[PDB]
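To keep things simple, chains are lettered A, B, C, D and E as they appear, and every chain counts its residues starting from 1.
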Amino acid sequence: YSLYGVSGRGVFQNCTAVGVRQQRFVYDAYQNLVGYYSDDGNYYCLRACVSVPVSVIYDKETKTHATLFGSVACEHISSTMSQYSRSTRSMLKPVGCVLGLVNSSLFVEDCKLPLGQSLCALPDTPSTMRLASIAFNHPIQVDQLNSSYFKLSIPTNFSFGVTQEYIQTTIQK
Amino acid sequence: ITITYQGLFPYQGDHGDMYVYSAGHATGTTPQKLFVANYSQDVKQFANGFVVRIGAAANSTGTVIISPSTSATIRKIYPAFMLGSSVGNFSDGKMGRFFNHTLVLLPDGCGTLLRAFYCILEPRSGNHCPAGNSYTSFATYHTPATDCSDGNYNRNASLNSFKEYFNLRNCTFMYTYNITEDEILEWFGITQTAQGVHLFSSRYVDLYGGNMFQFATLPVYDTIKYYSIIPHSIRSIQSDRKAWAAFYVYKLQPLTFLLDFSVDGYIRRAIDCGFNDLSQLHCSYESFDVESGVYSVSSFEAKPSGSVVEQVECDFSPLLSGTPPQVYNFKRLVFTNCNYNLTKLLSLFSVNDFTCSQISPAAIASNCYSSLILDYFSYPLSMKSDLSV
Amino acid sequence: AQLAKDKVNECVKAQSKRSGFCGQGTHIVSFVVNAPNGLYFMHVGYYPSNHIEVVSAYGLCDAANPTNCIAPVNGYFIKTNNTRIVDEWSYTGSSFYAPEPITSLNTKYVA
Amino acid sequence: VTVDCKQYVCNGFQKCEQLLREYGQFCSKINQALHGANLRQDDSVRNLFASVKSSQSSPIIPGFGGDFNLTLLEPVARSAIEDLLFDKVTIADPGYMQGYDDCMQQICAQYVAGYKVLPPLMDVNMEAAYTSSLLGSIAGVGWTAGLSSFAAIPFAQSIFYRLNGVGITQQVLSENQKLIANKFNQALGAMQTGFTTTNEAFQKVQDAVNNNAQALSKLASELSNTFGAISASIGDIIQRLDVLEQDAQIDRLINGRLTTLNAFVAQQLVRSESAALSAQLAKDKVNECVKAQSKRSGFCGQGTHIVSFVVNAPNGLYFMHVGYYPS
Amino acid sequence: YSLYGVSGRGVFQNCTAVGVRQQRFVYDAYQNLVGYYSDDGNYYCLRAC
């Protein structure tokens, strides 16, 4: 849009019904306008710009990038999308939908291992590309008995030993 | 050292513009018409300049172009360029004419020198010349049987051919740069600053690796806005026909690259950071290698479509209601602060004449104004010659 | 660094009968080496890894009712009533593996 | 939360993007710094839950203890008390393929972009799986006799041994009588009813959600719209003059807006490091107060401690320490 | 030293052998020059004060 003395970029919708209605904007506690007026005479309430909050799932071991979108959409995107400005920037390069949309095959594919590089909500995404594992948890569940006896999970092997953590103690002075 | 650096670069995956030069028409004994593409009429915007991949296919087998069924070993050929500040058409209407001082980059001597010169190009008027009859395109040429004989290359062959189409006038400089003969791939570049036009080549500093370095600054201070590729045709006879390596022009723009410098100082790898999010991530870390994980690259914002402007509707009312007065009692409608559909108003009437002064009828519908005055009256078409500015 | 002093006085001198801090498993030994700027620990923990589900009680009784269970680990299995508990299995007749608390429900063995 | 700078500053306008180019080092250090912050936090989540479960549930059967009415059962996946402290806490977020579109039908982590909230490494059913196997291991692991190589003992007998321990009332009192059970269940009942408002811990929980939601959204609302000297989201956007001085006012807005973004990054490093300190405290509260008893005072709050339960709160854990109170 | 358009204070040494060699400095990822060129023609790599 480009209204009277005000610029801006918005998605107008016929909303209801809050305003002054005699002078013709409505703000929400900041500089922004949320946003109807001006049309004659309705309620075209505006919003902020649409942005696809993209990301990258490298994986430098096999050198296979895989572009993930943030939270939208399996249905709204198009491959090498021409409605949008910045890939970024010059050139770009669709499976979800557990987190968001990804430009990377494939659907689950359960369950491994779990480890890095460990993307979002729960695609655990090993490589080789080949996303979306959900590798949890799983504890060796002893079952609860009913009567005076009660089962218990004692082991058999020792198998000691680990190196463990650094505790930092100082700075360089 | 590796680094991220912001400068003029071509973008990753750019196919650029391809150009090819061909053997001309010939009988068994006699070269005839030149044979060229339509490059002279294809004037390009210089913008930030460009780089050129030269000779890449040299050594391989390819077609002779003018005789597609005939193959030959491909030899490197050098490109030629016409650059300047003002362009237009030749007398017969064809595009590709450069006005005032024009920069010409013209290889010569069977690929053993580059000439750079800055002159007014006066089109000549003989048959097939740009100010003459039967003009199609200008071009340059050389004649290998007589121009490229061992030990006696004709330095001026291409220059002489160019001088047949144009007289060179008021040249401020003519420089020559020697070139050693080989079939090695090379890169050429050109930019401009307030200091003049800068020429770049891989030849002198990185012949075997391709990095371009500055070898000249030309005293050309009029901003270059346009360029074209000067077609060359090789006046061989049929049995002497060769295939000449296509060259490729890629436009430059300011981009941030990851640059990987070897121990010896040369760049053998780079990343175009803006190519995609993966490359972006790759650039962050100030390294070629970026550790394996999720890396957030920015949006993807939608494109503006349907630019709503609000301000309404101009009141032409009292014109339609009543009797239009006589010319000497003309009624005046004033218009401040409103929107007008005038092609609306002129769709009611049948319109017999529309002339404007210091504006056009097309323009007067489109523009916005701070004040519009409409005067209307009764007036006979018979008296059109008296209603004039 | 005060945490490291808390990790040296607990995990390095004593055992320390507590979980991670003394990382991942019933802790056994821990070693200290000076790292760059800090200490560095080589906590030697236990890791069970072969679990076998067996059956309790909870103790024992007879015609007379003093009990057993536990010094300190459970049970009192069956086959017949044996007691290598945490971690491996299984001991002999108990004889020093038994405090003698009060009886509880599910009478005579003795839950 | 990660900011997607070079498009937070600026709004996506090419001259302002070039003036960011000039500052192409700082933006790289911003997003480098936040991605490091999220890997440290994510390793705190991963290392926390790998120091949560390890062994061995009961499993979750609708009867835990007879008769201790436990609300902490999963009804079926995010148990009932966890449902109370997720419903009563006011979060306007999140969106995972329904909330982006759901807000598009109309917080703006997916509309300014700008800033952007990443998902918390674990689906809610799976954090629920960790703490539900943890509730399974409450009874048998609370025995002990070693952490962790045990067991499957009913929850009632686990609280008669946990109660026999430090509230050192031996067996004749817990035999004659129980109900205790109705007093335990009465205690958990008032633990059901009381969340709002005078019962911090809970105001600490909304101090946390209002903390990071306040920092994220409200500090990002201070960062944009407005900061600079002339700051209509581009200094002299298209509509006002100059073209020469446009770079001057815009470079004011980029130096300021990116500097305050760098203050946000320093703040995320602060609350990330303090969150890792408190997460290591939570691991110290799970390994002491939740598995074992723990024969120590507050930490295991206010009284000779008996049981303690873990439920996932917003951003953190949440404890329901069941202590003794003599009176 | 005081070279062409560049000032500075350094300890030149005959070092080896990293550079461009056609234009005549060498930097190391900052404003500083580490540092040979200009002498005719060798490698006088410079250092800080």
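Keep this in mind: a contact is a pair of C-beta atoms (placed from the backbone, for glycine too) under 8 Å apart; a residue touches a chain by one contact, two chains touch by 3 or more.
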Shared interface partners, meaning chains that touch chain B and chain D: A
Of C-D and A-D, pair with higher C-beta contact tally: A-D
Gap in Å, rounded to a whole number, between the CA centres of chain D and chain C: 33
Distance between chain centroids, defined by C-alpha means - chain B, chain E (Å): 41
Averaged-CA centre spacing for the pair chain E and chain A, given as whole angstrom: 49
Cα-centroid distance, chain A relative to chain C, in whole angstrom: 44
Residues of chain D engaged with two or more neighbouring chains: 4, 6-7, 12, 54-56, 113-114, 116, 118, 149-153
Chain B residues within the chain D interface of the complex: 4, 6, 254, 256, 283-286, 293-301
Residue numbers on chain D that touch chain A, as the complex places them: 4, 6-7, 11-12, 42, 46, 53-59, 61, 95-97, 99-101, 104, 106, 108-114, 116, 118-123, 126, 129-130, 133, 136, 140, 149-154, 221, 225-226, 232-233, 237-239
In the complex with chain B, residue positions of chain A that touch it: 1-4, 9, 12, 38-40, 49-61, 65, 67-68, 81, 83-93, 116-120
Footprint of chain E on chain B - complex, ascending: 1, 3, 204-205, 213, 263-265
Parts of chain C lying in touch with chain D, wherever the complex brings them together: 18-21, 24, 26, 48, 51, 53, 56, 58, 70, 72-74, 85-87, 101-105, 111
